[PDB]
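Enquirer: Below is the sequence, then the experimental coordinates.
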Number of protein chains: 2
Amino acid sequence: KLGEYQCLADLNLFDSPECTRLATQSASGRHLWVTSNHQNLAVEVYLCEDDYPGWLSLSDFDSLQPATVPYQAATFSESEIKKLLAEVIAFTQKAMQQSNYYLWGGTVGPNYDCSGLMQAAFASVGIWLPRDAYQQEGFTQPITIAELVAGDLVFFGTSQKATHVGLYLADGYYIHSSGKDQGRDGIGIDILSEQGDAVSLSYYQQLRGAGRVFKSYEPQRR
Amino acid sequence: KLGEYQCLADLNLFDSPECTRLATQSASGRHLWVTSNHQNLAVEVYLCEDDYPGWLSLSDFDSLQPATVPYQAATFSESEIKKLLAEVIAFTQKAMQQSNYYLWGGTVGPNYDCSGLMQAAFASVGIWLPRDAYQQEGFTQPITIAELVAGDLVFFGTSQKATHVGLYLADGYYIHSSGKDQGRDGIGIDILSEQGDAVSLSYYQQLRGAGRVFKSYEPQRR
Ligand SMILES: [Cl-]
Ligand SMILES: [Cl-]
Ligand code: NA
Ligand code: NA
């Protein structure tokens, strides 16, 4: 009906009430806020941990249970984050070992989009990033390319906006999920170098910058 | 002649004065202690950071310079170590992206043996482990398999000794360098599961245990 629910299954959230384009996916256990805005047998919701808005099919209501304990965001110090980055990187490596393909809006696995892999990898240790690549760029602390260290985010796009993100490893290498047309159709490793293969070069040409995760996302009120 | 030197090039150290079997390799910059024990146009040495003994060809003396600042081991807290594990894992991933093959005694890269990859990966952040897999098992804090987390070491061997080591990632996966006969002839990823491929199964059958790195090696006196 209305208010805070928790999901009992992985749920697809869409950009619009038409439900033709996936915006994100809400892993079982996550909390969401259900509004009274119904259109086209869908309902407008937002996810509690990242404030991400979308549309849920009304047929997924059987997979919602009312929350009895409200979601309250945990606070991480920069040191706490630093200690968890090994697990974040390991998540991406484990993901790369599964059969996977790029999935627009993919967030629960095994199929991810670029910003969805980042969110999932950080959320596997309880750190919340916003969902979209341009939001991740805005949420992290900008650093120079020279300052990149393992677990920093690398941003790519146009001069106007970030449209792609990856996770830095070492010595120019980074892990990301990339699409069929420009990339690898799933998770792989590229290098920020003109000495890379053709896929690497194509992303290198689009490099915008880099960011460091220094806090976990605290939801707006509300 | 005698005492503490620093190397100007990557140097091969052998098990014996015959110099037919590589024991370790000393990366440029490392310090070593040269003894007066000469045999067969080789000289007995030990490496300062890990106390590892071996034989250096006398023809490598042109790549030694006397040390003017003695090696003094740094101390790392468990927290400091935890913060560097992301870089250690990233090192192994970067290594896996280079053309590489198993190399007995391989320590400087790009070709490693199993315990050599571990030493190199930790040394890339300034943490010193002993060189051999059985020494690594003795130096780490034993943990149960259930307690494994990213950056822990996984040990394999017989009921009597560890003979192989890898670096734990997540959800049973670990990275290691493995030989031609049982393994992958270089760096790859396997799983601690009966659901793995044949290479994974062969190592799983040999699993001894696990260890956590909780300090950096402090050389003996001397
Ligand atoms: Cl839509
Ligand atoms: Cl020898
Ligand atoms: Na790094
Ligand atoms: Na882990």
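Expert: Thanks, I have it. Residues are numbered from 1 along each chain as shown, chains lettered A, B, ... in the order given. Ligands and ions are numbered 1, 2, ... in the order given.
Enquirer: For the rest of this, base every contact and every neighbour count on C-alpha atoms.
Expert: Noted.
Enquirer: So residue A:129 is in contact with residue A:137, correct?
Expert: No. Applying C-alpha atoms under 8 Å as the test, residue A:129 and residue A:137 come out as separate, 10.1 Å apart.
Enquirer: Could I get the contacting residues of residue A:30?
Expert: A:6-7, A:47-49 (C-alpha atoms under 8 Å, 6 or more residues apart in numbering or on different chains).
Enquirer: Next step: those residues restricted to helices.
Expert: Per DSSP state H, helices hold no members of those.
Enquirer: Tell me which two in those residues are the farthest apart.
Expert: A:7 and A:49 (12.8 Å; C-alpha to C-alpha).
Enquirer: Could you check how many residues crowd around residue A:123?
Expert: Neighbour count for residue A:123, taken as other C-alpha atoms under 10 Å in any protein chain shown: 16.
Enquirer: for chain A, what spans make up the helices?
Expert: A:78-97, A:114-123, A:133-139, A:198-204.
Enquirer: Quick one, which of those helices gets closest to chain B.
Expert: helix A:78-97 (3.8 Å; C-alpha to the nearest C-alpha).
Enquirer: near ligand 3 at all, the closest one?
Expert: No. Using C-alpha under 5 Å from the ion, helix A:78-97 never reaches ligand 3; the gap is at least 11.0 Å.
Enquirer: Which residues belonging to that helix are considered buried?
Expert: Judged by neighbour count (16 or more other C-alpha atoms under 10 Å in any protein chain shown), helix A:78-97 contains these buried residues: A:81-96.
Enquirer: buried sites along the lengthiest strand in chain A?
Expert: Assignment by DSSP state E gives strand A:31-39 as the longest strand of chain A. Judged by neighbour count (16+ other C-alpha under 10 Å), strand A:31-39 contains these buried residues: A:31-34, A:38.
Enquirer: now the strands: where do they sit in chain A?
Expert: Using DSSP E, strands in chain A cover A:3-7, A:11-14, A:22-26, A:31-39, A:42-47, A:53-57, A:64-66, A:141-143, A:153-157, A:162-168, A:173-178, A:186-191, A:207-212.
Enquirer: what does stretch A:158-177 rub up against?
Expert: Everything outside stretch A:158-177 that qualifies as a contact, by C-alpha under 8 Å, 6+ apart, is A:89, A:92, A:102, A:112-115, A:117-118, A:133-134, A:137, A:148-157, A:184-193, A:206, A:208, B:87, B:90-91, B:93-94.
Enquirer: How about the residues of chain A by ligand 3?
Expert: Residues of chain A lying near ligand 3 (C-alpha under 5 Å from the ion): A:149-150, A:170.
Enquirer: Any of those buried? List them.
Expert: Buried, going by 16+ other C-alpha under 10 Å: A:149-150, A:170, out of the residues of chain A next to ligand 3.
Enquirer: who are the neighbours in contact with residue A:88?
Expert: A:121-122, A:124-125, A:151.
Enquirer: domain parsing for chain A?
Expert: Domain ranges of chain A: A:1-74, A:75-222, per curated CATH domains.
Enquirer: wait, which of those is closest to residue B:66?
Expert: Closest among those, once you apply C-alpha to C-alpha, is domain A:75-222, at 30.8 Å.
Enquirer: Report the distance from that closest one to the chain centre.
Expert: With C-alpha atoms, centre = their mean, to the nearest Å as the basis, domain A:75-222 stands 8 Å off its chain's centre.
Enquirer: Now do the end-to-end distance for that domain.
Expert: Using C-alpha to C-alpha, to the nearest Å, one end of domain A:75-222 lies 17 Å from the other.
Enquirer: Next, give phi and psi for the residue of chain A most remote from its centre.
Expert: Distance from the centre of chain A peaks at residue A:195, with 28.8 Å (C-alpha atoms, centre = their mean). Backbone geometry at residue A:195, expressed as degrees, to the nearest 10, gives phi -90, psi 0.
Enquirer: Could you pull up the residues touching it?
Expert: Counted by C-alpha under 8 Å, 6+ apart, residue A:195 has contacts residue A:201.
Enquirer: Give me the distance between it and residue A:180.
Expert: Relative to residue A:180, and taking C-alpha to C-alpha, residue A:195 is found at 22 Å.
Enquirer: can you check residue A:89 too?
Expert: 23 Å.
Enquirer: cool, and residue A:81?
Expert: Residue A:81 is 32 Å from residue A:180, by C-alpha to C-alpha.
Enquirer: hmm, back to that, including distance to residue B:77, could the residues of chain A next to ligand 3 go into JSON lines?
Expert: Converted to JSON lines, the residues of chain A next to ligand 3 look like this (distance: C-alpha to C-alpha, whole Å):
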{"residue": "A:149", "distance to residue B:77": "21"}
{"residue": "A:150", "distance to residue B:77": "20"}
{"residue": "A:170", "distance to residue B:77": "23"}
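Enquirer: Turn these into CSV, columns for distance to ligand 4.
Expert: What follows is the residues of chain A next to ligand 3, written out as CSV (distance: C-alpha to the ion, whole Å):
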residue, distance to ligand 4
A:149, 19
A:150, 16
A:170, 19
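Enquirer: Can you tell me which of these comes closest to residue A:14?
Expert: residue A:150 (32.6 Å).
Enquirer: need the contact list for the closest one.
Expert: Per C-alpha under 8 Å, 6+ apart, neighbours of residue A:150: A:85, A:167-170, B:86-87, B:90.
Enquirer: Out of those residues, flag the one nearest to ligand 4.
Expert: Among the contacts of residue A:150, residue A:85 lies closest to ligand 4 (C-alpha to the ion), at 10.2 Å.
Enquirer: quick one on the thing from earlier: same list, the contacts of residue A:88, but only the ones touching chain B.
Expert: Checked against chain B using C-alpha under 8 Å from any C-alpha of the partner chain, the contacts of residue A:88 yield the following neighbours: residue A:151.
Enquirer: from the contacts of residue A:88, which two are the most distant?
Expert: That would be A:124 and A:151, which, of the contacts of residue A:88, are the farthest apart (C-alpha to C-alpha) at 13.7 Å.
Enquirer: more neighbours, those two?
Expert: Regarding residue A:124 and residue A:151, a neighbour count based on other C-alpha under 10 Å identifies residue A:151 as having more, with 28 against 14.
Enquirer: Quick check: that one touching residue A:91?
Expert: No. In this structure residue A:151 lies outside contact range of residue A:91 using C-alpha under 8 Å: 11.5 Å.
Enquirer: What parts of chain A come near chain B?
Expert: Checking chain A against chain B by C-alpha under 8 Å from any C-alpha, the hits are A:79, A:82-87, A:89-91, A:93-94, A:149-151, A:169-171, A:173.
Enquirer: Residue A:38 reaches residue A:54, doesn't it?
Expert: No. Using C-alpha under 8 Å as the test, residue A:38 is too far from residue A:54 to be in contact (11.8 Å).
Enquirer: Now do the shared contacts for the two.
Expert: With C-alpha under 8 Å, 6+ apart, residue A:38 and residue A:54 have common neighbours residue A:44.
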